[PDB]
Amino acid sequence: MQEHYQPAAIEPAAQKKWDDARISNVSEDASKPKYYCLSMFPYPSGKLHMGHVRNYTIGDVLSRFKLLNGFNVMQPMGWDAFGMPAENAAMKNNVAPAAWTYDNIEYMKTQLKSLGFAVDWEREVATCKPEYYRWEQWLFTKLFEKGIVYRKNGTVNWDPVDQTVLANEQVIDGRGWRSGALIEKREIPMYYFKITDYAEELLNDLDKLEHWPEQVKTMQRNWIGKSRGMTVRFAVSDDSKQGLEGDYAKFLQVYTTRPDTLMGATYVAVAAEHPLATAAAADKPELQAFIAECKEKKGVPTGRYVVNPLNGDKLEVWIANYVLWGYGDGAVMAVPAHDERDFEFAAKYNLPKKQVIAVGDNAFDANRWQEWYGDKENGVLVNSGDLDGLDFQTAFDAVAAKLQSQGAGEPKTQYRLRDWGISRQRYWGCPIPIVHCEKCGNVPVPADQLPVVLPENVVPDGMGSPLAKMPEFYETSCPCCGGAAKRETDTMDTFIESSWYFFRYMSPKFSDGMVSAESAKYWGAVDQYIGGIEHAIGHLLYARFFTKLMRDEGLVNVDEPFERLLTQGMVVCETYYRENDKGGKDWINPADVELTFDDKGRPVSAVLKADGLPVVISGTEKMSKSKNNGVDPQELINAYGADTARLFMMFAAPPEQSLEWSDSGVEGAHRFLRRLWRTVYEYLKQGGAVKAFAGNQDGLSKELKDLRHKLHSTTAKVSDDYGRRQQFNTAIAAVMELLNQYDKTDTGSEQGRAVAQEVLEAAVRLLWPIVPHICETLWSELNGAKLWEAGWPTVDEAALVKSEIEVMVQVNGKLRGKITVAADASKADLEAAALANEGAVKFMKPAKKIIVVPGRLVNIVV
């Protein structure tokens, strides 16, 4: 065994040894239980950084742990190669989108392979190749036939910098998720996935996700934004139906999320476009002056009345500016004693306020809005007839019973969520499989003629959709009539691919469907998913929707894609930038910046070392490829070795917690790896290997007994930490503690060396998921078997039994007590414990003499 710890020697070798054994290349093996552990795959938007190390070392640790426990482990990796992140990274580097993506993919494969991750590279996938995206083209056409995908004009979010429309999930604080520019409103046709159709299931199936962080689940609940309301009809009075036709003559329909207040409505409000507004203004020009005014909070009375269904009150109808014709009903009711928006409006014109809710008994002031009025949680109903005394839940159902039995209403559910707009005016994206024919309409491309192949030799000129200036691409024949027609030039958003790729990993070479039935039946769902919480509202919602879509088609048979979700905390570091002449920002790596400090130690100035000219200091921020603040793992592997990169990131903090970059933390992770190497080498220099201690330990010294206790305690604690707590920093700390006691333990005797062997064989296996290169090498110097067949270390709980004795206690001869003591518990602690529990102190004045038998009995004399 060499004595210097040289990563560049042992690390490539260990990777070659794992690769040759094909340990990470798994198939649908029914003899082993399956474990699908997946980390969120990267965009080719630059170099990987130490945040990615943390992300994927977490995954690798969980996979390697389950592999050592006999599981059949699939840990795949691929590339989110389509869409905006790879294209923008390509144009900022003035490279063709295809050329850049394929080059960055190979650099990221190089970067990841130097880290020794146990990845099944035979399932590698690049979402920009036709053999991938043809299958989402196929799913598009099928859904389009059913109308689950549809095209429609409407108001959309427009990113002026990326020159494309985004989905509502791609707008972050009114700005583009990639550009950061303010989003404008525009009316553009778009292809939508009808995600509102699945709004109820996506909300209710979050209750199934017991191993998801509750933040992700509540954030998706608030994004789906469910509200249970009530459709309510107020009949038009027998003397206001002038000019009204159809249903608009007989009733005024409104919506309300507070149907419990219905007995308190004192007037209604109507839209200028609502038909009762037009017949009321037909002979009243001042009403048409308001109808022309907007079409702030203003309103006019109309003198036409509608009847409350629940008590027969005749309420006056108001033209109001806050009733946007597009409400669904275009009209509301107004309970001003319990809605702030309505109390303000009905103080503007002195309308009445009847109170119908009491909270405990907060006194009711008619012209003084108190916050308890809108309490939908701690209130019971007042002045409401047989609805008196009900709470909000019970009064909801009772109003629905009332309204439905007379037909005047019914519950109606609304969602803040809107359909998913996936069209993009961009080149580097999966082509949309539609052909517009002047005779047949928007027709899908037949399954036999898929994929519609995106040409890869294009460079965007940065001036609109490049495919739309390419008649060689869009001029085609109609699939239905043979006539001339044009291809859809918009492409699919990048979140299409990432919504199903976890299935593609199960059969990436399958050429007849999205995923083959035999492999989807085997791999089931992703057992473990690891990725940042920033995906809560977009990807982690999209992927549940797609999974349900694929299930309803018969491709998969799971309801949810990811059983366990671990959201790792962000590695953060400094970030700098300049402002470019295009109004944007040019981000700069802290390694190209030279700082100037204050007298107190604060950075004051920062200049780029290339030109000495200043740069702006942006402060600590998440390590990001798009903000050019990453620490490259290859620059650490070359200097310190891959294991040090891995050990530092699993040790600095618990996986969920924020981690700040520091050079001290890298040196420390290395000195421990030297300590591990030095420990195994020194043990081997003074004797060589021996058969690890096992079996009964009667006869071992107390000191080595204590060590075996520390040993199997640690194995138990590391096992609990990998596979229940999923806390890796504390698994590493426990092994250090084990090594601390080993350093303090004389292990030179024949039995001591057998215990040293047992400890070291255990330690390197315990740390193999975290630092596999150094452990695999050390294991081979200690033991000739294959590490992954020796398996995960077992806890020998015989070694956990404490070394104790139970001595007799007597008073003047006759036995009256029994006490527990340590093995080497001195006669003073013995005699003190003997004269300190029941039998001796209840039959005792002090003792005249205490004769002690060494480790047998102690007799009190009185």
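Numbers for residues come from their place in the sequence shown, where the first is 1.
Missing deposited residues between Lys295 and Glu296: 10 or more, all without coordinates in the entry. Gap between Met844 and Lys845: 1 to 3 deposited residues without coordinates. Stretches 373 to 381 and 714 to 722 differ in mean CA B factor, with 373 to 381 having the higher one.
When the C-alpha B-factors of 246 to 254 and 695 to 703 are averaged, 246 to 254 comes out higher. The residue among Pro471, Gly303, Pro446, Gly482 whose C-alpha atom has the highest B-factor in the PDB entry is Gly303. Among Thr494, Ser749, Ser477, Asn321, the highest C-alpha B-factor in the deposited entry belongs to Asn321.
Split the chain's modelled residues into thirds by C-alpha temperature factor. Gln414 is in the middle one. Annotation for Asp162: C-alpha temperature factor in the middle third relative to the rest of the modelled chain, per the entry. When all modelled residues of the chain are sorted by CA temperature factor, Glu11 is found within the lowest third. Annotation for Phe290: CA B-factor lies in the highest third of the chain's modelled residues. Residue-level temperature factors show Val821 in the highest third of its chain, judged at the C-alpha atom.
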